[PDB]
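Read off the chains here:
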Amino acid sequence: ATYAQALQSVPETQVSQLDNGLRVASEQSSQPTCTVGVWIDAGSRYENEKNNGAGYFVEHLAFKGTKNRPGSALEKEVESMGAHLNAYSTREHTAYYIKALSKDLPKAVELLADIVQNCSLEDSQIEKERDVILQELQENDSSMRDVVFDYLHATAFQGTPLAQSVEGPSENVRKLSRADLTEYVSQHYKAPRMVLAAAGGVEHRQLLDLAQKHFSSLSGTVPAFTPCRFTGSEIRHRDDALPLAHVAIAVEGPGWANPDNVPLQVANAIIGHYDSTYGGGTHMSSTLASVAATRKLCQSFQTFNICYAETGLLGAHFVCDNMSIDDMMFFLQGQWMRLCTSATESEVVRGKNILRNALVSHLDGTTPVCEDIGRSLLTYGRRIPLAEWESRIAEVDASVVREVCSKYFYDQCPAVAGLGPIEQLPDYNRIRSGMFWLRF
Amino acid sequence: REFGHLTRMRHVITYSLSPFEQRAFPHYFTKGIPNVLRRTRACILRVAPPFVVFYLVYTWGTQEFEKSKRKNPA
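Residues numbered from 1 in each chain as written, not as in the entry; some residues may be left out. Chains lettered and ligands numbered in written order. Part of a larger assembly, values for the part shown. Heavy atoms only, no water.

What the entry reports as its method is cryo-EM, with 3.6 Å given for the resolution.

Novice: How do you make sense of the pattern of salt bridges when you look at a structure like this?
Specialist: Pairs may arise between side chains of opposite charge once their charged atoms sit close together. All names here are of chain A. Tallied over the entire structure, the rule returns 23 salt bridges over all chains. Across the salt bridge formed by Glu27 and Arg383, the nearest N and O atoms sit 2.3 Å from each other. Each member of the pair, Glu27 together with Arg383, is buried. One salt bridge in this structure joins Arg238 and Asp240, with 3.1 Å as the shortest N-O distance. The pair formed by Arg238 and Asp240 is uniform in burial state, with each residue classed as buried. (Salt bridge = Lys/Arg side-chain N within 4 Å of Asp/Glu carboxyl O. Buried < 20%, exposed > 50% of the residue type's maximum accessible area, 1.4 Å probe, protein only.)

Novice: Please explain the pairing of strand β10 (residues 300-304) of chain A as it appears in this structure.
Specialist: On any regular strand, side chains alternate: one points to one face of the sheet, the next to the other face. Residue and element names in this part refer to chain A. Inspection of the sheet shows strand β9 (residues 274-275) paired to β10 by two bridges, in the antiparallel sense. Opposite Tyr274, over in β10, you have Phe301 as the bridge partner. Bridge analysis of β10 against strand β11 (residues 313-320) gives five bridges, and the strand direction is antiparallel. Residue pairing in the sheet places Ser300 in a bridge with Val319 of β11. (Pairing = 2+ DSSP bridges. Helix = DSSP H or I, 4+ residues; strand = E, 2+ residues; numbered from the N terminus.)

Novice: Hey, could you run me through the interface of chain B and chain A in this one?
Specialist: Size of an interface: often given as the accessible area lost when the parts come together. With 19 residues of chain B at the contact, the number on the chain A side is 20 residues. Both faces considered, chain B and chain A share a buried interface measuring about 1,700 Å² in area, 50% of it formed by carbon and sulfur atoms. Applying the counting rule to chain B against chain A returns one salt bridge. For the salt bridge of B:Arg10 with A:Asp239, the shortest nitrogen-to-oxygen distance reads 2.4 Å. (Contact = heavy atoms within 4.5 Å. Buried area = accessible area lost by both parts, 1.4 Å probe.)

Novice: Would you mind going over the packing of aromatic side chains with me for this structure?
Specialist: The relative placement of two aromatic rings is captured by the distance of their centres and the angle of their planes. All names here are of chain A. For the structure shown, the criterion picks out 17 aromatic pairs over all chains. On the basis of an interplanar angle of 80° and a centroid distance of 6.1 Å, the ring pair of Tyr380 and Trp389 is categorised as edge-to-face. On the basis of relative accessible area, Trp389 is assigned to the buried category, the value being 13%. Through pairs of rings, three or more aromatic residues link up here, namely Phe63, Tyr96, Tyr184 and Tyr189. Here the guanidinium or amino end of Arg45 rests over the ring plane of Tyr46, the centre of that ring lying 5.6 Å away. The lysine or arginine in question, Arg145, covers the ring of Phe149, its NZ or CZ lying 4.6 Å from the ring centre. (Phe/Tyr/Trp six-rings, centres within 6.5 Å; stacked < 30°, edge-to-face > 60°. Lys NZ or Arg CZ within 6 Å of the ring centre and 35° of its normal.)

Novice: What am I meant to see in a nonpolar patch on the surface here?
Specialist: Residue and element names in this part refer to chain B. The grouping of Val52, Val53, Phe54, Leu56, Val57, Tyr58 and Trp60 at the surface amounts to a nonpolar patch, some 760 Å² of accessible area in total. Along the polypeptide, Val52 turns up in helix α1 (residues 32-68). Of the residues examined, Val52 reaches a relative accessible area of 51% and is grouped as exposed. (Patch = residues over 30% accessible without salt bridge, like charges linked within 9 Å, V, L, I, M, F, W, Y side chains within 5 Å. Areas by Shrake-Rupley, 256 points an atom, 1.4 Å probe, with all protein chains shown as cover.)

Novice: I'm lost on helix α10 (residues 261-271) of chain A in this one. Help?
Specialist: Note that an α-helix has 3.6 residues per turn; residues three or four places apart therefore point the same way. All names here are of chain A. Taking burial as the measure, the eleven residues of α10 include ten buried ones, the bulk of the element. Elements that come into contact with the buried residues of α10 comprise β10, β11, α12 (325-341), α13 (345-362), α15 (386-394) and α16 (398-408). Positioned one or two residues after α10, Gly272 has a phi angle of 70°, which is positive.

Novice: Explanation requested: the environment of A:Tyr408 in the structure shown.
Specialist: Residues and elements named next belong to chain A. Summarising the element assignment, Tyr408 is placed in helix α16. Residue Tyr408 is classed as buried on the basis of its relative accessible area, which comes to 6%. Taking the C-alpha atoms as reference points, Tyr408 and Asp326, 82 residues apart in sequence, are found 23 Å from one another. At 3.1 Å, the side chain of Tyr408 forms a polar contact with the side chain of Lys407. (Polar contact = N/O pair within 3.5 Å; in protein donor to acceptor, adjacent residues only side chain to side chain.)

Novice: Can you walk me through the side chain of A:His317 in this structure?
Specialist: Its location among the elements puts A:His317 in strand β11. Apart from residues no more than four positions distant in its own chain, A:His317 is found in contact with A:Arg145, A:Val148, A:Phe149, A:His246, A:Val247, A:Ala248, A:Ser300, A:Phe301, A:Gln302 and A:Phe304.

Novice: Help me understand α16(A) in this model?
Specialist: Residues and elements named next belong to chain A. All buried positions along α16 are accounted for by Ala398, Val401, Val404, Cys405 and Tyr408. Around the axis of α16, the buried residues are gathered within 135° of arc, so they sit on the same side. Tucked into the core, α16 has its buried residues touching β8 (245-252), α10, α12 and α13. Between a side-chain oxygen at the N-terminus of α16 and the backbone nitrogen of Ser399 the separation is 2.8 Å; the capping residue is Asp397. (Arc of directions from axis to C-beta.)

Given below as structure tokens:
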């Protein structure tokens, strides 16, 4: 077992396509469990301002009931068989995965065929879920991380569907009507933009037969998004009652395929993540982590690489007190420019190992593997094997990182989103000036 | 008196934009000129009268000095 042999000895993600365009995929390896999901290609990205938040509403209403399974009967099927049903809908993707035992894979598929195709959209249920949406949005107001990320998306992709939040404006939540939800489920849940992915012990032939016996009667064989724009700006929500000030800084990243993703993920891996409850503290190779632990100017910071199809956000988000935001911005920008101008080999090797471990450790359990399958079939158009990932990491070197960071970080107008006691946060001019180094 | 503890403010939202994306001279003449005229009209009433009083006393003083340094009573 020489690692590379293990990557070569990974079961292949077998993929087939029905006449309707359903991309069926499976990764049968050993387990008696499975995760079966249908990864839609819908989300808030494909929503007009009137329809903003319809995807969230459809996600909520999906599990309530169907015509074949009125209301709680659906739940009765999921719990009585031991299955765990779950859904998640981001800006550009939506999925309903039902974790279950591999023995009862047939029924689950049928169950899934009910949820995505034949929904209920009951009007009384619509009002009951409208109220829940409102209170849940008031809940998410408390989530500082989510609020700051939505602020970043609003200020970066302003005037574009990317700015639209997943939940939608509170006004829309009240103004959505059953006609809009029916249109959305009849316009963004079409068969071509579907990925039926199953992990665990799921034989591919059985999956194909089940899909052809349950998902056959679907749409036959246009809204295809608009290339959004990046607008260097900032949203500063100065609110001096929150104890900490969450700040998120990002630059236009790569596209979904955009092989430059592999070097950048290494570069961000060099920065790493730090918070107050970590271990080593003033010993991590990450200069930001070491400095933060030496001065306690950071409460929790991480590097994010939210990457959409035509563009993406690459940056860092940090949480700290009111008197340490400027020191943060200084050190964060300084490390960014240090990688930009002189990246050297050793930290590149560390980033390569870090990225290898991230990709390898993420792909365990039926749910993460199935999520990888469904997302890969939509974004990259193929399930990128871990061997290919290793090959793409291998040739990344110091020069490659120094050039990709130069092409993405050096002298680029950023997007900033601060919330809380963010008065100490430097104005946009100083932040923009941080992205160029007179010493260079 | 440094950034961080000047005062307390809440529920304020400030949007801005990178200087490299928005125009440096937005409507410099389309909106600049009417604004200049409005600002001029706002303060001309309270600025001019003291100076026109100066101009009046100046012209009167110079002409009276010229008149005094002359020949009449002899």
